[PDB]
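For reference, the structure discussed in these notes is given below.
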Amino acid sequence: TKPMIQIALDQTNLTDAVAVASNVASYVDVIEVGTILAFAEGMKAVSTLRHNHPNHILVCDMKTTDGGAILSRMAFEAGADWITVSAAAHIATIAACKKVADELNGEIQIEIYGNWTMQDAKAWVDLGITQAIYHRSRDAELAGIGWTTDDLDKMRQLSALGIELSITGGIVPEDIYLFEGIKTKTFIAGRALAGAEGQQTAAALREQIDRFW
Amino acid sequence: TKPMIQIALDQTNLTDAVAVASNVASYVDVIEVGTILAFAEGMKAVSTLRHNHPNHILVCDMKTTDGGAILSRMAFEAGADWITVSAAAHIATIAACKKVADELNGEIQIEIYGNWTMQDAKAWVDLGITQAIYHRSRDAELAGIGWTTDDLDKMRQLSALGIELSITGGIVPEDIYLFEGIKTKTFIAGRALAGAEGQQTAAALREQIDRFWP
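Keeping their order, the protein sequence lines are chains A and B. The authors' numbering applies: residue 2 is where the first sequence begins, and numbers increase by one. The authors' numbering applies: residue 2 is where the second sequence begins, and numbers increase by one.
In structure tokens, the structure reads:
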């Protein structure tokens, strides 16, 4: 609906992450266990956060590429509401993750990486998947060229298929206007939503979200 | 040299993984911490297994898609010799992993998934990466068809580019002959290499590998 504010926790230990979750909980809608924290600490991270923050949407960012039935179940059982699955997973793996999600009252989000196509995106939607994470393209980022027409058009196409995007990649309040008319579930950021000025920046993000949704 | 025997540990807790590693150590060359174990237990799985088995090649199977510099350094610091990176990782991420690997004297292995191409495979080789993991085609598995000619053709092309493949997906002694003449670093299997019949299975695989390599 109105895009939510999501923090990606990418700490390399649970103690630190637990202290950040505990800090930002009051002004963040979605807390994500990032893949760096997932691989540092394992599903204990997801558990501990789920118990600390029973009322937040909790994401486990595994970027699952294979072994989906098993991984999905582990993450949901540990307490995740949403899990991420790589666009590069075979469609049978994606379907296996979505089957577990539908059984456990969770959702799948496709992390868009690799040589992905619009046909792939339609396959996701055909499984009933309605979420995908769109990252500002790595080429653009490296060239310092910002958000390109190409990206915004791809996002609009994804949107026209029924995918609700989570938008990420240096997102700042001045960029928000760029995505008006794109179906957007969340804007994601890491620690620029954390610490002492995280609050201010979040109010600032929301202020701009309200204008365009 | 000859293809080695690798076990992929996919236990969902560390205690069971440690018991399996302990039981197969003397007849398996490479121990891999599979993504299932890595997500279950985190890097404590890698450092525990590195401590229990200081003389084995240890793999951390992360299928890295992003955050490569950070994840790679974590894995190597934990004791991994080889780590896996997804074919879907952007080339700049792949390069960032390979840089950390070179600094820490480890290696990168490309997990072949997604809409991958021979151009992509040449890009990996250009970075000095010479290992990739080739899984039996999922389409073929689902259809009840074995190893297809299209798979074997693709593996021979990858080999010709200079990639040493690790081959996996229901590998049994009976199929070993199929891969003659492919540059093969390892064959990877899971719990079939463990338990009461694991040792025999491994001997049966080595007996076939010896017929066809080097």
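Just so it is clear, CB atoms sit at the ideal spot from N, CA and C, and this is done for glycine as well.
Straight-line Cα distance separating residue j from residue i
i, j, result
"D151/A", "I113/A", "15 Å"
"residue 1/B", "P4/A", "It is not possible to answer for residue 1/B, since the shown part of chain B is limited to 2 through 215."
"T202/A", "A26/A", "14 Å"
"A161/B", "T118/B", "14 Å"
"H54/A", "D103/A", "23 Å"
"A96/B", "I71/B", "13 Å"
"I146/A", "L153/A", "13 Å"
"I109/B", "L159/B", "16 Å"
"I177/B", "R139/B", "19 Å"
"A76/B", "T185/B", "24 Å"
"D82/B", "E208/A", "48 Å"
"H136/A", "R157/A", "14 Å"
"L59/B", "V31/B", "6 Å"
"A193/B", "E175/A", "56 Å"
"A39/A", "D121/A", "27 Å"
"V21/B", "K45/A", "22 Å"
"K123/A", "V19/B", "42 Å"
"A88/B", "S87/A", "11 Å"
Residue span of the beta strand (DSSP E) that contains residue i, given as start and end
i, result
"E165/A", "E165 to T169"
"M5/B", "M5 to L10"
"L59/B", "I58 to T65"
"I109/B", "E108 to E112"
Residue i burial status per 10 Å Cβ neighbour count (16 or more: buried)
i, result
"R74/A", "buried"
"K99/A", "buried"
"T85/A", "buried"
"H52/A", "exposed"
"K64/A", "buried"
"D17/A", "exposed"
"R212/B", "exposed"
"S23/A", "exposed"
"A197/A", "exposed"
"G129/B", "exposed"
"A204/B", "exposed"
"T49/A", "buried"
DSSP three-state assignment for residue i, whether helix, strand or coil
i, result
"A133/A", "strand"
"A190/B", "strand"
"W117/A", "coil"
"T2/A", "coil"
"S138/A", "coil"
"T185/B", "strand"
"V86/B", "strand"
"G145/B", "coil"
"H54/A", "coil"
"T13/A", "coil"
"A81/B", "coil"
"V173/B", "coil"
"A195/A", "coil"
"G69/A", "helix"
"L179/A", "helix"
"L38/A", "helix"
Proximity below 8 Å, CB of residue i to CB of residue j
i, j, result
"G182/B", "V126/B", "no"
"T169/B", "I6/B", "no"
"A190/B", "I210/B", "no"
"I8/B", "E42/B", "no"
"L143/A", "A93/B", "yes"
"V47/A", "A79/A", "yes"
"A133/B", "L166/B", "yes"
"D11/A", "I37/A", "yes"
"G69/A", "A90/A", "yes"
"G35/B", "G115/A", "no"
"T13/B", "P215/B", "no"
Under 7 Å from the C-beta of residue i: neighbouring residues of chain C
i, result
"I71/A", "Within the model displayed, chain C is absent; protein chains A and B are what it includes."
Residue range of the unbroken alpha helix (DSSP H) whose run includes residue i
i, result
"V34/B", "Run containing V34/B: none in the alpha helix (DSSP H); it sits in the beta strand (DSSP E), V31 to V34."
"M44/B", "First-last for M44/B: undefined, no H or E at that position."
"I95/B", "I92 to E104"
"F213/B", "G199 to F213"
"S27/B", "That residue, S27/B, is in no alpha helix (DSSP H); it is neither H nor E in DSSP."
"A161/B", "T150 to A161"
Near the ligand NAP: residue i beta-carbon under 7 Å from a heavy atom
i, result
"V29/B", "For the ligand NAP, the structure offers nothing, since it holds no ligand at all."
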